[PDB]
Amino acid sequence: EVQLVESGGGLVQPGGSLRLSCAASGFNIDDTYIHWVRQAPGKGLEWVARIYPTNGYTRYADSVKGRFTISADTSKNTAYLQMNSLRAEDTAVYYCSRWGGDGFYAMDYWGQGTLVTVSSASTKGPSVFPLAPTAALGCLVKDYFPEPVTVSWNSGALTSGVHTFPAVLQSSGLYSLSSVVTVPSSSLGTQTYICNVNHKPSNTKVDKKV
């Protein structure tokens, strides 16, 4: 079963370096080409680089030539994007995708992306607060940098009727979002309701009860 998992993104200072890795599984990268496609926040897809691991031949987009270098380790079945001399414009979700096969040059399989954030500011963990209460309740995740944060409810057992909101950047330079859920009000007081906030940029975990 074909799969691609990227890793290595996060926060980096302007001018600094970073290297993402695409772990391919269920197939050999020597049989096809491997691409990096990226997407700035709220924008479209931008093809960035391609490699043929059989012989290491590479190709690059104009916007990244001379800074990014794509490579492959066929023994580890992995591809890599080495990003040097980064700029704020490079901030984006970086996707790794493959071409289907020998005579199939559409990108059939994609990994789900690692977000690279280019900014001088530094990592700060979230403050988690409760939004106390058919009723609605939630958690307010408050003042963190950079993104992402992932919020679940009852360790993943509760999903129906949950809205985790897109983060808003405030004038302070920090982010904050809100996660809500609707419940039938016969159930509060009987059932635990506990939000699981995860901000792995700062290795912060909070289970906050409401």
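Start at 1 with the first residue shown and count on from there.
The stretch of deposited sequence separating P133 from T134 contains 4 to 9 residues lacking coordinates in this entry. Mean CA temperature factor is higher for 191-199 when stretches 191-199 and 10-18 are set side by side in the entry. Taking the mean C-alpha B-factor of each stretch as recorded, 79-87 and 135-143 are not equal, and the higher mean is that of 135-143. Listed residues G66, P166, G26, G173 were ranked by CA B-factor as deposited; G173 comes out on top. Comparing C-alpha B-factors across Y57, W36, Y60, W153 in the deposited entry, the largest value falls on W153.
For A121, the recorded CA temperature factor ranks within the middle third of the chain's modelled residues. Split the chain's modelled residues into thirds by C-alpha temperature factor. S97 is in the lowest one. Split the chain's modelled residues into thirds by C-alpha temperature factor. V2 is in the middle one. In the PDB entry, a CA B factor belonging to the highest third of its chain's modelled residues is recorded for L158. The entry lists a Cα temperature factor for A72 that places it in the middle third of the chain's modelled residues.
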